[PDB]
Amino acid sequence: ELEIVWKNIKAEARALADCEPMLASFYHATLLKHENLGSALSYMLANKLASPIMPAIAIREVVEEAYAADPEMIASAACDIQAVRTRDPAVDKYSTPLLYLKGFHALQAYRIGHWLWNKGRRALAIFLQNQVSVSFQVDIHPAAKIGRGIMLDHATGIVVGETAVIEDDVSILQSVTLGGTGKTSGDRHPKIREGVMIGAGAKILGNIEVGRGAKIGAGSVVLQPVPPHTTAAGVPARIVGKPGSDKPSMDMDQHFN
């Protein structure tokens, strides 16, 4: 439920703003002067994406236009906040993803890019993709189709290509590629279905399925489809076992055979 999240964040914003006098005016700015999650998200994205080419105030107008035309982006972000909080044991506050975690920021920046792309504003979407790549080291093509409840933990070196699909409740670590094959357009990127966990450094290549609740071991190179509820690992990857739960995204157990 959306309002829960926002409330917690405000409480946390009070408790914390006393402690660091250095940060006081930063907390008031990012969390305390806003009345909904949407206002805060637009604030942080505006500051995060600001450039000489397009300053913060101009970006915030684009982002607010996107949130007004599609309020479900705000709800997706709330689910993404919850996913990081519940899955990442280094995060126990709802405020942390929104303030600090570049993976969370790159994810919400993609959503604006995606919206822009589906409305025909593709030149702007590509500009934002490549700026997010420079600034947060996450390169997600704005045509990719990404659900909600996604954790991009650490996030540096993530690549998601044009025709990729990432369904709800997926967990992805640093240096993961959902990448293409060939020199031609068309469907050529992975389909990552609900509940999948992808470990650090995994490279998944081509228009292949990674089925519901599968787990991909860290450092794996997946060139063939991976059935649902299965664990794949190695270079190249083979089936080595079965995950310990229904949705490995939720448990983040990195072990494989």
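The first residue of the shown sequence is 1; numbering continues from there.
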(request) Using the B-factors recorded in the PDB entry, average over the C-alpha atoms of 84-92 and of 172-180, then report which stretch comes out higher. (result) 84-92
(message) If you take the mean CA temperature factor per stretch, which one wins between 73-81 and 157-165?
(response) 73-81
(request) Please place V63 in the lowest, middle or highest third of its chain by C-alpha B factor as given in the entry. (result) middle
(request) Could you say whether, by C-alpha temperature factor, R212 belongs to the lowest, middle or highest third of its chain? (result) middle
(request) Taking the chain's C-alpha temperature factors as the reference, tell me which third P190 falls into: lowest, middle or highest. (result) lowest
(request) Using the B-factor values recorded in the entry, state whether the Cα atom of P21 falls in the lowest, middle or highest third among the modelled residues of its chain. (result) highest
(request) Among all modelled residues of this chain, ranked by Cα B factor, put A13 in the bottom, middle or top third, i.e. lowest, middle or highest. (result) highest
